[PDB]
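Protein chains in written order, with my numbering: chain A, 21 to 239; chain B, 144 to 359.
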Amino acid sequence: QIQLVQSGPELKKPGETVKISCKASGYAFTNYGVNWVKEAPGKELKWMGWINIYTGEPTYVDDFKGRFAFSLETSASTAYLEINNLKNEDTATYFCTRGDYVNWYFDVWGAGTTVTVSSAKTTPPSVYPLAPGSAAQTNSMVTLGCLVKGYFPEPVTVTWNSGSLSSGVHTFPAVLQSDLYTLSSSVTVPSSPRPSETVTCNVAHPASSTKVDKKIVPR
Amino acid sequence: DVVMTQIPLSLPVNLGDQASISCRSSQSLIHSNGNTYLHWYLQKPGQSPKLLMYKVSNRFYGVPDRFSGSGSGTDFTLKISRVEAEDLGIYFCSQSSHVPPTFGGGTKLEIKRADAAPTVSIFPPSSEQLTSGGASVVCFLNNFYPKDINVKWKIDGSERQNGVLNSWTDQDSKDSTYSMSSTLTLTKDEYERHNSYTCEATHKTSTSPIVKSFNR
Ligand SMILES: CC(=O)[C@H]1CC[C@H]2[C@@H]3CCC4=CC(=O)CC[C@]4(C)[C@H]3[C@H](OC(=O)CCC(=O)O)C[C@]12C
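This is the structure:
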């Protein structure tokens with residue numbers, strides 16, 4: 021099983037540094053390079069630097085100098101990335117890749133270590149009900165929703181009727197508005213269910229140990 | 144830095160058709176030693192990329208018979224031959240000939256199906272939010288294809304800019320559709336000194352806008 025194994029996801033606030041690890045097992049560590057690749061939200065795969073295990077020497081692509089330090093401790097088959105004075109800009113998933121000396125490709129990638137840098141402190145989510153505002157169904161069906169607003173960090177689990185409403189629900193992706201996330205989900209039911217049967221949306225937010233059920237009720 | 148660009152951004156494909164991504168370089172990829180280092184990666188979602196093709200035309204180990212590289216100089220294309228369901232992902236091409244190796248933007252493979260129009264809904268501020276000082280109006284644009292749709296938020300007869308936020312779902316796997324939700328946001332006060340709010344969706348399936356409103 022020849023992999024490059026990377027440490028976990030990290031949540032960190034400006035300034036604070038973070039030592040990312042990348043451990044090799046399976047192959048001859050010394051005669052391949054460990055290249056570091058950055059994947060930032062809706063930016064490109066920026067190639068960061070490289071550390072060749074013969075020489076011990078780092079080449080950084082000085083679009084990253086002085087904060088980001090590649091280090092290594094070879095006897096332990098582990099290559100490391102340290103970022104120092106973390107700014108907000110670094111929120112990304114840093115992969116380490118095994119690169120080769122003959123064909124120059126990257127052929128074993130590590131799984132990713134997402135760093136999230138922020139300054140919000142954990143906030144539980146305000147959950148609010150969305151009900152039709154008396155707008156009357158075009159074709160035989162209704163769409164209710166939940167709006168989970170102003171929370172940190174992620175994830176949030178929105179489920180409808182405790183898992184029982186699956187087809188029809190559309191939980192969208194979280195978006196920021198000042199440090200805190202907002203996200204909404206929608207369920208589309210037969211109008212022979214709402215308001216005859218109940219429709220409850222359950223938002224759970226494990227990071228603060230809050231779970232908030234909200235039943236949607238007319239409007 | 145060499146600037147490698149890919150196009151299309153997405154490729155509608157019916158599983159079975161052939162497909163071609165086409166990368167391109169702002170400098171040439173033939174290296175003094177004679178080799179060209181254009182490599183191609185496939186990143187299936189929530190993952191780390193898997194090497195597919197190296198040195199323009201060479202397939203990596205195991206990577207399926209249905210692929211082919213081509214090109215020279217600055218133009219290269221990867222051809223998938225009869226798309227199966229597991230080839231679906233973002234493809235990136237990379238130059239590894241000039242330091243720094245650089246990366247392309249990607250081309251997402253996506254399934255194509257018949258045009259669908261969005262069943263759009265608008266929702267007025269819940270009372271428990273006004274109770275605290277805000278009012279987010281929320282419009283959901285659901286179950287539409289294809290992925291471009293433009294959402295106007297006409298907030299008083301006029302059009303509003305700020306406080307809208309959008310978020311899309313990915314290609315909904317069950318029906319190969321998309322979904323969008325925009326939340327216009329006003330201060331409680333700033334909501335209640337006003338009459339109608341309309342979310343307005345402009346999109347291929349429509350002759351003229353498919354718009355929804357409430358007022359107070
Ligand atoms: C094994 C590895 O990490 C690979 C992955 C991508 C490769 C580099 C891609 C960039 C590159 C372009 C060149 O033509 C010069 C060599 C280099 C700089 C390649 C290195 O070769 C070299 O000769 C540098 C190695 C050395 O001689 O110190 C080895 C790399 C960094």
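Backbone N, C-alpha and C fix where the C-beta goes; we use that ideal spot for every residue, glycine too.
Worksheet item: Does the Cβ of B:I265 have 16 or more other Cβ atoms within 10 Å, making it buried, or fewer, making it exposed?
Response: buried
Discussion item. I'd like to confirm something about A:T75: is its beta-carbon nearer than 8 Å to some heavy atom of ligand 1, or not?
Written reply: yes
Worksheet item: Identify the residues that DSSP records as bridge partners of A:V162: which are they?
Response: A:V209
Worksheet item: Can you give the Cα-Cα distance for B:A162 and A:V128, rounded to whole angstroms?
Response: 26 Å
Worksheet item: Tell me the DSSP bridge mates of A:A224?
Response: A:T177, A:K231, per the DSSP bridge assignment.
Worksheet item: For the stretch 34-47 of chain A against the stretch 98-105 of chain A, are there 3 or more C-beta pairs whose distance is under 8 Å?
Response: yes
Worksheet item: Would you say B:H346 reaches chain A, if we count a Cβ-Cβ gap shorter than 9 Å as a contact?
Response: no
Worksheet item: Between B:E271 and chain A, is there a C-beta pair that is closer than 9 Å?
Response: yes
Worksheet item: Taking three-plus beta-carbon pairs below 8 Å as touching, is the stretch 216-230 of chain B in contact with the stretch 152-172 of chain B?
Response: yes
Worksheet item: Does the beta carbon of B:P244 come closer than 9 Å to any beta carbon on chain A?
Response: yes
Worksheet item: So which residues of chain A does B:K295 contact, with C-beta pairs closer than 7 Å?
Response: Those do not exist, as B:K295 stays about 18 Å from chain A at its closest Cβ, beyond 7 Å.
Practice prompt. For B:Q238, name the three-state secondary structure that DSSP assigns.
Written response: strand
Discussion item. Run through chain A and tell me which residues come within less than 7 Å of B:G248, C-beta to C-beta.
Written reply: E64
Worksheet item: Checking contacts by CB at 9 Å: is B:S237 closer than that to chain A?
Response: yes
Worksheet entry | Rounded Cβ spacing between A:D120 and A:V137 (contact assumed at less than 8 Å) | That belief does not hold up - the Cβ atoms of A:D120 and A:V137 are roughly 32 Å apart, past 8 Å.
Fill in: DSSP three-state assignment for B:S163, whether helix, strand or coil
The three-state reading of DSSP puts B:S163 in strand, counting E and B together.
Worksheet entry | Element boundaries [beta strand (DSSP E), containing B:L273] | Looking at the DSSP string, B:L273 is not in any beta strand (DSSP E); the run it does join, the alpha helix (DSSP H), is 270-273.
Worksheet item: So which residues of chain B does A:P149 contact, with C-beta pairs closer than 7 Å?
Response: Neighbours of A:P149 across chain B, judged by C-beta separation under 7 Å: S269.
Fill in: Span of the alpha helix (DSSP H), counted from its first residue to its last, around B:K331
331-335
Practice prompt. Quick one: using the 10 Å Cβ neighbour count with 16 as the cut-off for buried, is A:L150 buried or exposed?
Written response: buried
Worksheet item: Is there at least one non-hydrogen atom of ligand 1 closer than 8 Å to the beta-carbon of A:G53?
Response: yes
Practice prompt. Starting from the beta carbon of A:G132, find every residue of chain B whose beta carbon is closer than 7 Å, and list them in chain order.
Written response: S191
Worksheet item: Can you give the Cα-Cα distance for A:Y114 and A:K58, rounded to whole angstroms?
Response: When rounded, the distance between both Cα atoms is 5 Å.
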